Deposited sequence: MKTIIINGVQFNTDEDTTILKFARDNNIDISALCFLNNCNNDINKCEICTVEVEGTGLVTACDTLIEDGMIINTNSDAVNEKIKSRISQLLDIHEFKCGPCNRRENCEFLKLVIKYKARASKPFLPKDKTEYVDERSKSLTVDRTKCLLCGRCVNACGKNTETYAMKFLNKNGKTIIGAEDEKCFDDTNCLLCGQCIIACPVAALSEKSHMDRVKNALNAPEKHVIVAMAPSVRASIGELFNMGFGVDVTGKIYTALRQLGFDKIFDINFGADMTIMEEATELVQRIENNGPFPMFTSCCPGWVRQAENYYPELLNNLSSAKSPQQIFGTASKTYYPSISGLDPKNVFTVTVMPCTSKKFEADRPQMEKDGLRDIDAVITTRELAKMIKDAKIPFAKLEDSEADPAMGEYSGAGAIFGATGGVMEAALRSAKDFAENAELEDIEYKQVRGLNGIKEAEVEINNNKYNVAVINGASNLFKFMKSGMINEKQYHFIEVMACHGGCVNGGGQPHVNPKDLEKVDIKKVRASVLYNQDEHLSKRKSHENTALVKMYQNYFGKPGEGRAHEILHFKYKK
């Protein structure tokens, strides 16, 4: 094909004008196009271009054709785009100062680019009609919503629940949950993939910043611990680029924020493995029940509760790393510090919105003490650091407090799809064989395929394992009958494609950057690199963890560990 774009000739592909332009350093804007789909109904038309002889077309869904002459920047094109943006301003409370997307908003960028102006500024006097903060995990601010459909499409594609809907409310279109219910009261997973898809501040996480501020100000001993994924991602929000390991800077920043103890959820990950690998070995000895499923992803737990309740008894009884850590923080940690358990306030930093729901489940407490008092997302921590004027990108490295802060390489990889599986197999196989095996890499469970399997030899018998990478793939695995091609023994499920590194609490990424950078792979690489360089690569070799079990919990899977570190869903 010979195509002319802005008077420059190209000889080439069967692709859209937008993709060809993005591949050839030609500027075309876009808004509603994401995840390979636009808002098929009510298209934004921000990607308008002129095709000579045809007229104005949407570049995001128009294929190039031999002989095409395209102009991306004529007066007629720019006036059309400007008009569409102006119409969006008419429904948009354009008040960026206090907005939680001020630094990385796709809409502000477009307003500036086209010098767009509302025909009538939208100045709602009462936000309460527009705001839904009922959920434990998600919030909606419809004063910001462009009705671009990105969230609806992302929910459908990533989860297949269609829990995010277009709704007709009083003759007007909104997005929201089924019947405009609180999300939590629907089949929604609370995974936040809708948030990640949103170009503006319309969808957000339910804030826990109040909880944290108040605890830090209460003369309370405030512990903080971050998830695996945070250290592979938060630097994105400090202009550091992608794939940067910022672990040591985070520890320094958390001390500067005034936390009293700097621990790490990866220590909790090693605890989960102690319990869960022990359980797997028991199920092997007992001839089942099989399969055992992981229980550490709250989004998956809700998927099982909402769609597959017959599987709940097959979930591992080990608490998630977050909850198992929290339980220990109110029991073990007082025993080594002298703190009154009631005065410990435990904060986690997570790449996840569904972790807020998990932490707030009524039974996730003992003796009146919550396992976890507050959960802030990666985004919330970045805001806290910025509000404190901490110069994150140039901080010196520090280390965690060791007693609940050391982690093995097995715990380090939890945030990638297949990480829990690999970590668990490293311990299970030693436990079942009563041996110290040098070969610990399970590359067959790694990477971005939607469903992954492997056959593993454990103590001279073959077992089948599966890794389900994303909620939509759980539905595929079940509905297709794949779960029945063989007897599966152990199955990891993550709700977010890529695992937690791509969770709903993570930094937003510009659609153009997503096309240039494989965010799932690049964030995960930080974690696998840590494992490669850690002196301990098995959870049961974490020295601080060994001390905690030796001194306090006893043997995994029994005694005090069974009594308090487990949770079953009825």
Response to the item:
Residues of the deposited chain that carry no C-alpha coordinates are 1, 14, 222, 574
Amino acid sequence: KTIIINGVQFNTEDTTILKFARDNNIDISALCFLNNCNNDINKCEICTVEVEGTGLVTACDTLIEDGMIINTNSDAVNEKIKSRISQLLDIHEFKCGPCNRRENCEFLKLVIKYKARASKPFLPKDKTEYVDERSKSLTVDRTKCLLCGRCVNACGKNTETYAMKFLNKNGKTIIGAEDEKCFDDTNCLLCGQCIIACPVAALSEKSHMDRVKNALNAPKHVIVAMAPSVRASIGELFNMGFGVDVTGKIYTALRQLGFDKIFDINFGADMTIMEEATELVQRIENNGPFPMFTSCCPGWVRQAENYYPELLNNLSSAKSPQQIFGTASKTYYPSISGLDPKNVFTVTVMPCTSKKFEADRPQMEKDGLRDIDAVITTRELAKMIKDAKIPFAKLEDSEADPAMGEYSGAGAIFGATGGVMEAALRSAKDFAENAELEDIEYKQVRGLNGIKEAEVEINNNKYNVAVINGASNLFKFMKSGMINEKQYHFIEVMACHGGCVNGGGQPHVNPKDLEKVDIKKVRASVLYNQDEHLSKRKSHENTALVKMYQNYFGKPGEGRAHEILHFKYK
From here on, numbers count along this sequence of modelled residues.
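If you superpose the two forms and keep the largest set of C-alpha atoms that fall within 1.5 Å, you have the rigid core.
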Response to the item:
Between 67-75 and 174-182, greater root mean square CA displacement in 6 other deposited structures of this protein relative to the shown form, after rigid core superposition, belongs to 67-75
Fill in: Mean C-alpha B-factor comparison - 72-80 and 470-478, higher one
72-80
Practice prompt. Take the C-alpha B-factors listed in the entry for 121-129 and for 329-337, compute each mean, and give the stretch with the larger one.
Written response: 121-129
Discussion item. Highest Cα temperature factor in the entry, among the options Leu88, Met421, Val344, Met209: which one is it?
Written reply: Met209
Item to complete: Name the residue from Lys181, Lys462, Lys356, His497 with the greatest C-alpha temperature factor listed in the entry.
Response: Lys462
Worksheet item: If you rank every modelled residue in this chain by C-alpha B factor, which third holds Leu189: lowest, middle or highest?
Response: lowest
Item to complete: Divide the modelled residues of the chain into thirds by Cα B-factor and specify which third, lowest, middle or highest, holds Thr173.
Response: highest
Worksheet, complete the sentence: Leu369: CA temperature factor from the record, placed by chain third, in the middle
Response to the item:
In terms of its chain's C-alpha B-factors, the third that includes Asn434 is the highest
Worksheet entry | CA B-factor ranking of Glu441, expressed as a third of its chain | highest
